[PDB]
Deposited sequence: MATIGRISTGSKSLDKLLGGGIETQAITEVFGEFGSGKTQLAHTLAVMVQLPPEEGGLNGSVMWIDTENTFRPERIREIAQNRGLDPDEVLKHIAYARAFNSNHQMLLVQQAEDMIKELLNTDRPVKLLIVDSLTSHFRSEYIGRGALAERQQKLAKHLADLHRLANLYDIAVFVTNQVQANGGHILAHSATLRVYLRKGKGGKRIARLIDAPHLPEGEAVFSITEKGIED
């Protein structure tokens, strides 16, 4: 289908990204604790539920959590501050906690069941979040003798995510620490945050400054 764009809530960040995050693509956001990557994930889980006129895609969300960072109270707060019903917004976020890298991989495969069920409805899955992509892979595969299998397993996981994104017109959004759009977050001045786009093949490298508010991400 046509490439849909989900607003991040920030006009500055959306301009940097070419209008927002894309369906049929993996957007990978990097940053240290406090850089705003989890705030962006929570904001996008709300924004995607809005109609296109308001920066969303009238969509449902699937969220894979590798380390206990999903906060339903933060969704409710962002939803209510954006004029949405907080309970309805939460009902349209399917949640899974992944306990290890094998289970994380299995969940991406299992997500296809619900994606297929909602595909021709009024609320198709339009956003699949994996927070935080490599935490289990880094913990489970230590050192020299483990790199080949860690890379093999991560490549398969990413291929599985790209397949769902392309086949079902979903924006895949992943968070991490240091063929996919890579955005680097950092602390800016006066409690603001900065996003830097690096090595995008068809978007200029640039920076966007944004704030974290009761609405989640905004300028």
Segments lacking C-alpha coordinates (deposited sequence numbering, starting at 1): 1, 180 to 190
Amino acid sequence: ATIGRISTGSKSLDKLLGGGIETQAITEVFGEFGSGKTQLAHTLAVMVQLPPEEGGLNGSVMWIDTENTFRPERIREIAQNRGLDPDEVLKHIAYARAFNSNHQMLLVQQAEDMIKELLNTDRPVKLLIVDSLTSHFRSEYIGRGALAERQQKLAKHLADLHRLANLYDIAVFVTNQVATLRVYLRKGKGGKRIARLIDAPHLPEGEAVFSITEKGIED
From here on, numbers count along this sequence of modelled residues.
At least a third of other PDB entries omit residue 196: no
Stretch exceeding the other in mean C-alpha B-factor - 142 to 150, 89 to 97: 142 to 150
Residue stretch of maximal mean CA temperature factor, 37 to 45 vs 156 to 164: 156 to 164
169, 32, 28, 65, ranked by C-alpha B-factor: the highest one: 32
Relative C-alpha B-factor of residue 83, binned into the chain's lowest, middle or highest third: highest
Chain-relative CA temperature factor third for residue 189: highest
Third assignment of residue 52 from its chain's C-alpha B-factors: highest
Within-chain third of residue 6 by Cα B-factor, per the entry: lowest
Third of the chain, ranked by Cα B-factor, where residue 177 sits: highest
